[PDB]
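Structure first, commentary second.
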4 protein chains.
Amino acid sequence: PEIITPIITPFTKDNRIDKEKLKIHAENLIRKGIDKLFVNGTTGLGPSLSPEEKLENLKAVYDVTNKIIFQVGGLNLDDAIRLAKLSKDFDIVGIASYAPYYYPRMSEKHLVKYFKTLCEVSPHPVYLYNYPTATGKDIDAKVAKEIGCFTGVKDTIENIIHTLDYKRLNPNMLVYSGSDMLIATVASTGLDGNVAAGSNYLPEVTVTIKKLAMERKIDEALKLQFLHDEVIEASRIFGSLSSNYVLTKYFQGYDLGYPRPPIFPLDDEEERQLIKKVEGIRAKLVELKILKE
Amino acid sequence: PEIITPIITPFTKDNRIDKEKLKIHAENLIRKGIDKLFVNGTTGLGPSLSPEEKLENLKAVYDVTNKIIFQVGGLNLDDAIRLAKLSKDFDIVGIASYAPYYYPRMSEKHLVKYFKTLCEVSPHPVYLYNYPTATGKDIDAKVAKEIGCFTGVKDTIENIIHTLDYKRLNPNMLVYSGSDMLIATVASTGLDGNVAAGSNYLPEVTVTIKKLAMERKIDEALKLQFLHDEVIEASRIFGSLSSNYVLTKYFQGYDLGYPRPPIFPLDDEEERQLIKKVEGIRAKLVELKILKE
Amino acid sequence: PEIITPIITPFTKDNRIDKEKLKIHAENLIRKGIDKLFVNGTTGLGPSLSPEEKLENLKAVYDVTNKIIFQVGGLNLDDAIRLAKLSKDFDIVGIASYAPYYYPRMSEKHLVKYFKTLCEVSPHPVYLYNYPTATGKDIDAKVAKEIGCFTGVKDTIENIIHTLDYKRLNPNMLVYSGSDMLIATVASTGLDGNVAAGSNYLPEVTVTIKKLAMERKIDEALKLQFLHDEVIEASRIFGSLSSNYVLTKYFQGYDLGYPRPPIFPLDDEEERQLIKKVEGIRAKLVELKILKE
Amino acid sequence: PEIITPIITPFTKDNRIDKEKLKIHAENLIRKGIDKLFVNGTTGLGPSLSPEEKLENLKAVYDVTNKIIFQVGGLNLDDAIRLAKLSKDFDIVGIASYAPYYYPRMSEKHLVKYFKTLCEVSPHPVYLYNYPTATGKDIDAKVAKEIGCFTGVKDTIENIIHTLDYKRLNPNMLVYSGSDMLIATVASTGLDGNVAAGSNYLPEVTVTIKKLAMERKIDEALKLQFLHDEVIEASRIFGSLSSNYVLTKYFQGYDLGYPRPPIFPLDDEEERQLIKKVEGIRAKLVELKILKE
């Protein structure tokens, strides 16, 4: 199994993508053993990015690595097709899309047509990003099999029965969980790994949970998983997508600038309070020899 | 109370806004007694429009009428602010925003800051568009009172107690329901009207229900309301946002082009089946002299 | 329209029904203008009562009035049939049942069979008690029509579109809301009234809201409804089913003993805090001459 | 880890517990390597049983084995206490309760008081049966820790993160999943076992999945788990609680009588459809030498 980072998009003080900070972060992740980068995902504020910005992200990250899954979806299918075709010139792992968001009660037929359209134009393998809470719909194992053209799926759902069903119905599909709290479990149970937001700021933790689980040291993997859980919980106090910026700077030592409002940056007091919540975990991770003092 | 149409955005065969068809539709709505037009709402595929397109819509409708509420929201707050400021040049009723959609677990503080930021830059009264199922969050009467700057609210929810609470906690606020099925009830219970997607295609019916209820002819209002409900139900069979185009052509006698994929147009057989479901209702409305033949 | 009280079951210190206290309460409600009493409902802790206790309740209340709807449902259909048959000797308004509770995902076929079975043995008109949050299932207007033997329905749901649909699909059916917060609206919009837990402790207020709305005095009805809403909210702080006992003693001046654990009685401090939350409302109600000192 | 069967309660034609069939079934399960029997759970229609019947089940099963966890909960706490106390004469594993069902919006304090009361009177270890969909409330890892007296938990929920959190916050608690579909995963990920309804009819399969997973033959375990999943899905088509009777007859060869209405037995057409869905699987299991005949 693999750990894949849904890489954060750093923004400047005037709300443009900070390409240089993005390259530094991508470089660090690969050097810490992250397998692939998922670009323009939720953690990277994909839905907040224009199609031009989604493409700018791909170009910046491609300067560092070809191990990229390029998320291209949105509510203008013409724009998503254009991004899919533009990716032809990039020797990457694949493209991906979440389901059309916002609109409630979209028919299965329309959801299927959206995805098959992307598959028909794609110059690369296509990955399903399934995220029912964010998009309002579920493209489950049965619907994925109907669509019939996915190389893999990232399933962001707490119900691992649903994630396992992709493998049951689609034995050749790569099946990843979008949970950070399921790294140990996913590795242990025969699935293909995790696309983990928290690997932006603790890539060494996420890779080590996976390694320990693979060695069948499940108790040691769970001890580490549970520490990582506490960091995820702390990130949720003030908003995880904002907090991820603060936590990357704290644990990794470089900054990723600003999020894009309405994902507002933490203020100084919130950042102080969050660091207070994770200080103790950092000390435990240093004692475990996962982080350097 | 008022009937407000969340106006359909007609798209051309090549997926651009058809300004001429939009003007023909807006004219017809105003002529048939609709109070105000809500532009770039769900029914108008607001979330599928770029900021430039949201402005193009405003410009087209504004050639017809000043009686506009201009929806401006989205996931790039700079773009929503720019649209709010640009509205200064238009003599319209107000601007509006739904809550930031897609991202789950957004903090109350960040939600409040989003709306307060728009209120601070707005040259017009600001209306809350509350739609929990579509956006994933609820800006309830309490949060609305804390935000403090709303002239009115459109509440799209399966819970009229929630809608009444805006009136209870904000006595001077205009409070509209986002449901076609609650026109009789809203008028009967002291609320301010309905922002009704079905008024795109049966403005005569929606205005008549409201009139009957204001005359205290509740049985007669209900009988008409219940007929309208059957049309609403028929529109949902193949997807209401797509079906609304077909129904407007059927009842109002002009074309509104296409929706924007992934809100796909109805195919020929779906259109045939939809018309079959409503043709008897059409005959009955013509026999009742609500529709002219 | 009518106000129907889902009458509280008073228990002794040793967890038996206090029949004499129940008779006091029932007499007061009727004398204060409540139209009918719904016995063994949620407010009466019906699911906590044995079949023998359900019958004891009917017998006690029948000593005071025959204006009774007798709730008989449960998870032993033989017991529910027995209670239904036993009611033949009581000249009451009807019997009622909620849907089988606890078990998730029971087929429509099985639900319809449960209700048709009760209808086939019933010596009285049968009323559907639909409460999806409590029972986990929804016997909607369509399923009610398929069952085809209900005289009326009490719909406990905040979605009034759902409640109106019973009238739309079953024009002869009596249709009541299970909400205290919808008395003004129900009365205004052509429905048949409310089965109102809060009418246990403020029957005067519920009857008055209904009267005001009937007289088309919608603003006065709403002002009173909104005051009643604050009492309902206060009751929810420590648990409504428990708080209803404290509130009845406070407003009506006799006690109703104890609830049945795990519906635990409020402690003295909780009772003191609840009283503090409602004493200002009591004062307004006195000044409006709705209550006497 | 363990496999625990929530044993089905067989009823006679006169709606009494069929003790002799119950005994034959319990003997078979123990003989086929089931670890423990969970008596009066959902699968045993516990909510449908009077306290007397709950005791009668315990006594019948105790004739066969002492490896029993005795579920005692319900909405009359005095009855639940009585059952807890009566268990003192039985040398069993533990007692259990689900949370008080039906009533929405019970306070955390009252739920905590319910469970602590049972712990105070229990002569045996106490197990939480957490089933939020059925009971309408969640007793999560934090509330379990607060209660502070559970020896174990059975978590029936679509959220393995939630189950893992009991281990994370209560490291010396036994933590079981209530899912048949997670036997391979539970064993792999360091959890304590599964209380699995499907083990009533395919105890051979459930025990073999667990063994393969323990041997770290995860792919072989998943292969067999995915066949078991197909049987579970089939059982849900017409209602699992009813289908469990038919499937026990079909796979183990003896019958378990009838369920208790409103859990109605499958009709002949439903039984035929159910068999058609599982006979291929039965053939597969015979070929794999998991089932003899």
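By convention in this document, the chains of the structure tokens carry letters A, B, ... by their order, each chain's residues are numbered from 1, and ligands are numbered from 1 in the order they are shown.
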TODO: List the neighbours of residue 47 in chain A out to 8 Å using only C-alpha atoms; skip same-chain residues closer than 5 positions along the sequence, and give me the result as a PyMOL selection string.
DONE: (chain A and resi 40-42+74) or (chain B and resi 75+102)
- [ ] Name the residues in contact with residue 264 in chain B at a cut-off of 9 Å, using only C-alpha atoms, excluding same-chain residues fewer than 2 positions from it; report them as JSON, numbers by chain.
- [x] {"A": [110, 113, 114], "B": [241, 242, 258, 259, 260, 261, 262, 266, 267]}
Hey, can you spit out that residue selection with N, CA, C and O atoms as a PDB file, in the first residue's frame?
ATOM      1  N   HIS A 110     -27.284  10.855 -14.829  1.00  0.00           N
ATOM      2  CA  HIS A 110     -26.493  12.058 -15.067  1.00  0.00           C
ATOM      3  C   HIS A 110     -25.098  11.925 -14.425  1.00  0.00           C
ATOM      4  O   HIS A 110     -24.100  12.342 -15.036  1.00  0.00           O
ATOM      5  N   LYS A 113     -23.067   9.683 -16.637  1.00  0.00           N
ATOM      6  CA  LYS A 113     -22.691  10.368 -17.876  1.00  0.00           C
ATOM      7  C   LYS A 113     -21.522  11.333 -17.675  1.00  0.00           C
ATOM      8  O   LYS A 113     -20.618  11.419 -18.503  1.00  0.00           O
ATOM      9  N   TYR A 114     -21.530  12.066 -16.548  1.00  0.00           N
ATOM     10  CA  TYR A 114     -20.450  12.979 -16.206  1.00  0.00           C
ATOM     11  C   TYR A 114     -19.119  12.199 -16.182  1.00  0.00           C
ATOM     12  O   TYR A 114     -18.152  12.572 -16.841  1.00  0.00           O
TER      13      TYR A 114
ATOM     14  N   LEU B 241     -33.833  20.401 -12.114  1.00  0.00           N
ATOM     15  CA  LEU B 241     -33.105  21.529 -12.706  1.00  0.00           C
ATOM     16  C   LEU B 241     -33.089  21.398 -14.235  1.00  0.00           C
ATOM     17  O   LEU B 241     -33.104  22.414 -14.949  1.00  0.00           O
ATOM     18  N   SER B 242     -33.093  20.157 -14.703  1.00  0.00           N
ATOM     19  CA  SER B 242     -33.167  19.908 -16.146  1.00  0.00           C
ATOM     20  C   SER B 242     -34.579  20.047 -16.635  1.00  0.00           C
ATOM     21  O   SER B 242     -34.846  20.619 -17.727  1.00  0.00           O
ATOM     22  N   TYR B 258     -30.662  25.217 -23.101  1.00  0.00           N
ATOM     23  CA  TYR B 258     -30.175  24.027 -22.408  1.00  0.00           C
ATOM     24  C   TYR B 258     -29.702  24.409 -21.012  1.00  0.00           C
ATOM     25  O   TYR B 258     -29.381  25.539 -20.768  1.00  0.00           O
ATOM     26  N   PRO B 259     -29.656  23.432 -20.111  1.00  0.00           N
ATOM     27  CA  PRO B 259     -28.872  23.581 -18.871  1.00  0.00           C
ATOM     28  C   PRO B 259     -27.385  23.429 -19.145  1.00  0.00           C
ATOM     29  O   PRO B 259     -26.982  23.196 -20.301  1.00  0.00           O
ATOM     30  N   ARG B 260     -26.556  23.578 -18.121  1.00  0.00           N
ATOM     31  CA  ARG B 260     -25.134  23.357 -18.269  1.00  0.00           C
ATOM     32  C   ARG B 260     -24.714  21.992 -17.672  1.00  0.00           C
ATOM     33  O   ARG B 260     -24.811  21.846 -16.465  1.00  0.00           O
ATOM     34  N   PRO B 261     -24.198  21.054 -18.499  1.00  0.00           N
ATOM     35  CA  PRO B 261     -23.704  19.742 -18.014  1.00  0.00           C
ATOM     36  C   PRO B 261     -22.635  19.966 -16.945  1.00  0.00           C
ATOM     37  O   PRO B 261     -21.784  20.833 -17.113  1.00  0.00           O
ATOM     38  N   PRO B 262     -22.657  19.212 -15.843  1.00  0.00           N
ATOM     39  CA  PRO B 262     -23.458  17.990 -15.651  1.00  0.00           C
ATOM     40  C   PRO B 262     -24.921  18.102 -15.272  1.00  0.00           C
ATOM     41  O   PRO B 262     -25.516  17.113 -14.868  1.00  0.00           O
ATOM     42  N   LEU B 266     -32.858  17.009 -20.731  1.00  0.00           N
ATOM     43  CA  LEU B 266     -33.670  15.816 -20.915  1.00  0.00           C
ATOM     44  C   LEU B 266     -33.535  15.338 -22.362  1.00  0.00           C
ATOM     45  O   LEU B 266     -33.446  16.165 -23.268  1.00  0.00           O
ATOM     46  N   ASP B 267     -33.473  14.021 -22.544  1.00  0.00           N
ATOM     47  CA  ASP B 267     -33.521  13.471 -23.893  1.00  0.00           C
ATOM     48  C   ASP B 267     -34.954  13.441 -24.388  1.00  0.00           C
ATOM     49  O   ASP B 267     -35.879  13.793 -23.665  1.00  0.00           O
TER      50      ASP B 267
END
Open item on the list: Set the cut-off to 8 Å and count only C-alpha atoms: what are the residues of chain C that reach chain B? Output as a ChimeraX atom specification.
Closed with: /C:158-161,168,181-182,184-185,188-190,218-219,226
Open item on the list: Please list as a list in words every residue within 9 Å of residue 121 in chain B, counting only C-alpha atoms and excluding residues in the same chain fewer than 6 positions away.
Closed with: residues 81, 82, 84 and 85 of chain B
Open item on the list: Quick check, in Å to one decimal: how far apart do CA of residue 284 in chain D and CA of residue 183 in chain D lie?
Closed with: 19.4 Å
- [ ] Using backbone DSSP assignments, extract all strand (DSSP E or B) residues from range 67-264 of chain B; output them as a PyMOL selection string.
- [x] chain B and resi 68-71+94-98+126-130+150-155+174-177+193-195+257-258
Selection above as a file: N, CA, C and O atoms, as an mmCIF file, in the first residue's frame:
data_model
loop_
_atom_site.group_PDB
_atom_site.id
_atom_site.type_symbol
_atom_site.label_atom_id
_atom_site.label_comp_id
_atom_site.auth_asym_id
_atom_site.auth_seq_id
_atom_site.Cartn_x
_atom_site.Cartn_y
_atom_site.Cartn_z
ATOM 1 N N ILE B 68 -34.508 43.059 -8.956
ATOM 2 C CA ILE B 68 -33.546 41.942 -8.942
ATOM 3 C C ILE B 68 -32.887 41.801 -7.603
ATOM 4 O O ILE B 68 -32.438 42.799 -7.002
ATOM 5 N N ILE B 69 -32.732 40.528 -7.182
ATOM 6 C CA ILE B 69 -31.828 40.184 -6.091
ATOM 7 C C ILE B 69 -30.697 39.384 -6.713
ATOM 8 O O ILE B 69 -30.962 38.382 -7.382
ATOM 9 N N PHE B 70 -29.481 39.884 -6.549
ATOM 10 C CA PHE B 70 -28.294 39.402 -7.309
ATOM 11 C C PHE B 70 -27.493 38.469 -6.425
ATOM 12 O O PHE B 70 -26.877 38.922 -5.490
ATOM 13 N N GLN B 71 -27.513 37.162 -6.743
ATOM 14 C CA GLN B 71 -26.735 36.206 -5.924
ATOM 15 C C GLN B 71 -25.266 36.191 -6.408
ATOM 16 O O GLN B 71 -24.987 36.069 -7.634
ATOM 17 N N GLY B 94 -31.293 44.044 -4.029
ATOM 18 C CA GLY B 94 -30.323 43.582 -3.059
ATOM 19 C C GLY B 94 -29.346 42.609 -3.714
ATOM 20 O O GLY B 94 -29.509 42.252 -4.900
ATOM 21 N N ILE B 95 -28.363 42.202 -2.925
ATOM 22 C CA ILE B 95 -27.458 41.100 -3.331
ATOM 23 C C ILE B 95 -27.748 39.959 -2.345
ATOM 24 O O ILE B 95 -28.471 40.124 -1.344
ATOM 25 N N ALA B 96 -27.235 38.781 -2.661
ATOM 26 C CA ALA B 96 -27.519 37.596 -1.818
ATOM 27 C C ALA B 96 -26.345 36.686 -1.887
ATOM 28 O O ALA B 96 -25.578 36.727 -2.851
ATOM 29 N N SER B 97 -26.218 35.827 -0.870
ATOM 30 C CA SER B 97 -25.267 34.721 -1.017
ATOM 31 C C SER B 97 -25.768 33.489 -0.285
ATOM 32 O O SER B 97 -26.382 33.606 0.811
ATOM 33 N N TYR B 98 -25.532 32.323 -0.893
ATOM 34 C CA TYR B 98 -25.606 31.078 -0.117
ATOM 35 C C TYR B 98 -24.319 30.937 0.715
ATOM 36 O O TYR B 98 -23.289 31.658 0.548
ATOM 37 N N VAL B 126 -28.575 43.017 1.813
ATOM 38 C CA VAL B 126 -28.015 41.686 1.593
ATOM 39 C C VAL B 126 -29.019 40.660 2.094
ATOM 40 O O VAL B 126 -29.610 40.821 3.191
ATOM 41 N N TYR B 127 -29.218 39.600 1.301
ATOM 42 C CA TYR B 127 -30.166 38.559 1.635
ATOM 43 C C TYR B 127 -29.407 37.270 1.837
ATOM 44 O O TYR B 127 -28.519 36.950 1.062
ATOM 45 N N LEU B 128 -29.760 36.549 2.906
ATOM 46 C CA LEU B 128 -29.189 35.220 3.156
ATOM 47 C C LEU B 128 -29.934 34.202 2.310
ATOM 48 O O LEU B 128 -31.167 34.175 2.320
ATOM 49 N N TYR B 129 -29.197 33.357 1.570
ATOM 50 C CA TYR B 129 -29.837 32.208 0.943
ATOM 51 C C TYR B 129 -29.390 31.000 1.759
ATOM 52 O O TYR B 129 -28.232 30.567 1.674
ATOM 53 N N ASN B 130 -30.320 30.479 2.559
ATOM 54 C CA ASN B 130 -30.016 29.334 3.405
ATOM 55 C C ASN B 130 -30.509 28.070 2.727
ATOM 56 O O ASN B 130 -31.698 27.912 2.522
ATOM 57 N N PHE B 150 -28.627 41.139 7.748
ATOM 58 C CA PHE B 150 -29.458 40.674 6.625
ATOM 59 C C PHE B 150 -30.789 41.411 6.540
ATOM 60 O O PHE B 150 -31.506 41.524 7.547
ATOM 61 N N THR B 151 -31.141 41.874 5.347
ATOM 62 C CA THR B 151 -32.465 42.449 5.104
ATOM 63 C C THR B 151 -33.544 41.369 4.989
ATOM 64 O O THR B 151 -34.717 41.604 5.316
ATOM 65 N N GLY B 152 -33.135 40.176 4.529
ATOM 66 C CA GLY B 152 -34.100 39.135 4.278
ATOM 67 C C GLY B 152 -33.386 37.797 4.192
ATOM 68 O O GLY B 152 -32.133 37.763 4.147
ATOM 69 N N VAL B 153 -34.190 36.747 4.209
ATOM 70 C CA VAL B 153 -33.681 35.362 4.103
ATOM 71 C C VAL B 153 -34.572 34.570 3.169
ATOM 72 O O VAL B 153 -35.790 34.725 3.161
ATOM 73 N N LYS B 154 -33.945 33.710 2.346
ATOM 74 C CA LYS B 154 -34.660 32.695 1.615
ATOM 75 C C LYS B 154 -34.233 31.384 2.269
ATOM 76 O O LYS B 154 -33.026 31.107 2.311
ATOM 77 N N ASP B 155 -35.197 30.633 2.785
ATOM 78 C CA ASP B 155 -34.909 29.403 3.533
ATOM 79 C C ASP B 155 -35.446 28.205 2.745
ATOM 80 O O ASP B 155 -36.650 28.001 2.632
ATOM 81 N N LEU B 174 -37.302 40.247 6.270
ATOM 82 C CA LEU B 174 -38.175 39.615 5.295
ATOM 83 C C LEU B 174 -37.822 38.141 5.251
ATOM 84 O O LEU B 174 -36.649 37.831 5.113
ATOM 85 N N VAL B 175 -38.826 37.276 5.364
ATOM 86 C CA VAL B 175 -38.596 35.829 5.462
ATOM 87 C C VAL B 175 -39.368 35.125 4.373
ATOM 88 O O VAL B 175 -40.588 35.089 4.373
ATOM 89 N N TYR B 176 -38.630 34.555 3.417
ATOM 90 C CA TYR B 176 -39.199 33.803 2.317
ATOM 91 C C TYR B 176 -38.894 32.317 2.400
ATOM 92 O O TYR B 176 -37.829 31.940 2.859
ATOM 93 N N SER B 177 -39.851 31.508 1.987
ATOM 94 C CA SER B 177 -39.589 30.080 1.775
ATOM 95 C C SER B 177 -39.097 29.799 0.344
ATOM 96 O O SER B 177 -39.620 30.359 -0.608
ATOM 97 N N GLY B 193 -43.321 35.449 1.652
ATOM 98 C CA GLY B 193 -43.544 34.932 0.300
ATOM 99 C C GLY B 193 -42.623 33.776 -0.006
ATOM 100 O O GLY B 193 -42.046 33.169 0.904
ATOM 101 N N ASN B 194 -42.530 33.473 -1.286
ATOM 102 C CA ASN B 194 -41.826 32.273 -1.704
ATOM 103 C C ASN B 194 -40.910 32.630 -2.835
ATOM 104 O O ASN B 194 -41.318 33.308 -3.762
ATOM 105 N N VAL B 195 -39.700 32.075 -2.790
ATOM 106 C CA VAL B 195 -38.834 32.141 -3.939
ATOM 107 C C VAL B 195 -39.011 30.753 -4.594
ATOM 108 O O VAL B 195 -38.505 29.755 -4.055
ATOM 109 N N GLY B 257 -33.416 27.163 -24.250
ATOM 110 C CA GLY B 257 -32.144 26.491 -24.516
ATOM 111 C C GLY B 257 -31.881 25.276 -23.631
ATOM 112 O O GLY B 257 -32.743 24.414 -23.453
ATOM 113 N N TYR B 258 -30.662 25.217 -23.101
ATOM 114 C CA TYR B 258 -30.175 24.027 -22.408
ATOM 115 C C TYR B 258 -29.702 24.409 -21.012
ATOM 116 O O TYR B 258 -29.381 25.539 -20.768
#
Task: One-decimal distance in Å that lies between CA of residue 50 in chain A and CA of residue 19 in chain B - done: 23.5 Å
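Coordinates place CA of residue 101 in chain D at a distance of 25.6 Å from CA of residue 88 in chain D.
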Open item on the list: At a cut-off of 8 Å, using only C-alpha atoms, what residues contact residue 112 in chain B? Leave out same-chain residues fewer than 4 positions from it and give the result as JSON, numbers by chain.
Closed with: {"B": [108, 116, 143, 146, 147]}
List the neighbours of residue 244 in chain A out to 10 Å using only C-alpha atoms; skip same-chain residues closer than 3 positions along the sequence, and give me the result as an mmCIF file with N, CA, C and O atoms, in the first residue's frame.
data_model
loop_
_atom_site.group_PDB
_atom_site.id
_atom_site.type_symbol
_atom_site.label_atom_id
_atom_site.label_comp_id
_atom_site.auth_asym_id
_atom_site.auth_seq_id
_atom_site.Cartn_x
_atom_site.Cartn_y
_atom_site.Cartn_z
ATOM 1 N N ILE A 8 -1.466 20.474 -0.082
ATOM 2 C CA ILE A 8 -1.981 21.822 0.190
ATOM 3 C C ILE A 8 -1.565 22.791 -0.934
ATOM 4 O O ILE A 8 -0.432 22.732 -1.465
ATOM 5 N N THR A 43 -8.066 19.017 0.253
ATOM 6 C CA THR A 43 -7.028 19.625 1.092
ATOM 7 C C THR A 43 -6.313 20.748 0.368
ATOM 8 O O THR A 43 -5.861 21.701 1.015
ATOM 9 N N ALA A 197 -4.750 13.676 4.237
ATOM 10 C CA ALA A 197 -4.482 15.108 4.430
ATOM 11 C C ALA A 197 -3.363 15.394 5.441
ATOM 12 O O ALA A 197 -2.485 16.253 5.209
ATOM 13 N N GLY A 198 -3.366 14.664 6.546
ATOM 14 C CA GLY A 198 -2.326 14.802 7.557
ATOM 15 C C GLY A 198 -0.913 14.448 7.167
ATOM 16 O O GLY A 198 0.034 14.771 7.872
ATOM 17 N N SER A 199 -0.747 13.755 6.044
ATOM 18 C CA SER A 199 0.602 13.496 5.562
ATOM 19 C C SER A 199 1.224 14.769 5.001
ATOM 20 O O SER A 199 2.416 14.799 4.762
ATOM 21 N N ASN A 200 0.439 15.857 4.860
ATOM 22 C CA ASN A 200 1.086 17.121 4.511
ATOM 23 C C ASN A 200 2.016 17.558 5.615
ATOM 24 O O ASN A 200 3.081 18.133 5.348
ATOM 25 N N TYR A 201 1.600 17.376 6.865
ATOM 26 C CA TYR A 201 2.392 17.941 7.957
ATOM 27 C C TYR A 201 3.147 16.907 8.781
ATOM 28 O O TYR A 201 4.097 17.249 9.495
ATOM 29 N N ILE A 232 -5.090 15.042 14.223
ATOM 30 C CA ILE A 232 -6.261 15.303 13.383
ATOM 31 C C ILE A 232 -7.366 15.997 14.205
ATOM 32 O O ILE A 232 -7.966 16.991 13.763
ATOM 33 N N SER A 235 -6.568 19.559 14.839
ATOM 34 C CA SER A 235 -6.692 20.373 13.617
ATOM 35 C C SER A 235 -8.145 20.784 13.391
ATOM 36 O O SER A 235 -8.413 21.814 12.773
ATOM 37 N N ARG A 236 -9.084 19.999 13.929
ATOM 38 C CA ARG A 236 -10.504 20.288 13.743
ATOM 39 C C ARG A 236 -11.039 21.370 14.674
ATOM 40 O O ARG A 236 -12.115 21.914 14.408
ATOM 41 N N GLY A 239 -10.846 24.449 12.502
ATOM 42 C CA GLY A 239 -11.099 24.208 11.091
ATOM 43 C C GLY A 239 -9.913 23.506 10.464
ATOM 44 O O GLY A 239 -8.828 24.080 10.435
ATOM 45 N N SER A 240 -10.091 22.274 9.978
ATOM 46 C CA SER A 240 -8.908 21.535 9.575
ATOM 47 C C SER A 240 -8.187 22.129 8.355
ATOM 48 O O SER A 240 -6.939 22.141 8.289
ATOM 49 N N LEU A 241 -8.941 22.564 7.365
ATOM 50 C CA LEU A 241 -8.305 23.007 6.127
ATOM 51 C C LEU A 241 -7.432 24.239 6.378
ATOM 52 O O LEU A 241 -6.407 24.384 5.744
ATOM 53 N N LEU A 247 -0.060 23.616 10.968
ATOM 54 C CA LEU A 247 0.579 22.365 11.383
ATOM 55 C C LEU A 247 1.760 21.994 10.475
ATOM 56 O O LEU A 247 2.775 21.434 10.945
ATOM 57 N N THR A 248 1.680 22.323 9.192
ATOM 58 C CA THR A 248 2.799 22.030 8.304
ATOM 59 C C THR A 248 4.010 22.884 8.681
ATOM 60 O O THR A 248 5.119 22.422 8.733
ATOM 61 N N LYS A 249 3.756 24.150 8.960
ATOM 62 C CA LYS A 249 4.821 25.051 9.349
ATOM 63 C C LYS A 249 5.424 24.604 10.661
ATOM 64 O O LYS A 249 6.660 24.621 10.826
ATOM 65 N N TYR A 250 4.570 24.214 11.600
ATOM 66 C CA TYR A 250 5.043 23.785 12.907
ATOM 67 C C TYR A 250 5.893 22.514 12.794
ATOM 68 O O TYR A 250 7.012 22.458 13.333
ATOM 69 N N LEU A 256 3.493 27.596 4.308
ATOM 70 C CA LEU A 256 2.696 27.423 3.117
ATOM 71 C C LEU A 256 1.782 28.620 2.912
ATOM 72 O O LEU A 256 0.750 28.510 2.286
ATOM 73 N N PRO A 259 -4.360 30.139 3.336
ATOM 74 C CA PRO A 259 -5.453 29.495 2.608
ATOM 75 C C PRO A 259 -6.214 30.528 1.785
ATOM 76 O O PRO A 259 -5.884 31.721 1.835
ATOM 77 N N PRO A 265 -7.441 32.080 7.297
ATOM 78 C CA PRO A 265 -6.260 31.685 8.079
ATOM 79 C C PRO A 265 -6.513 31.753 9.558
ATOM 80 O O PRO A 265 -7.301 32.608 10.000
ATOM 81 N N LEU A 266 -5.845 30.898 10.341
ATOM 82 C CA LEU A 266 -5.945 30.999 11.796
ATOM 83 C C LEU A 266 -5.301 32.339 12.178
ATOM 84 O O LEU A 266 -4.389 32.785 11.501
#
TODO: Using only C-alpha atoms, determine which residues lie at most 9 Å from residue 255 in chain B, disregarding the query and same-chain residues fewer than 6 positions distant; provide the list as a ChimeraX atom specification.
DONE: /B:10,21,25,245-246,248-249
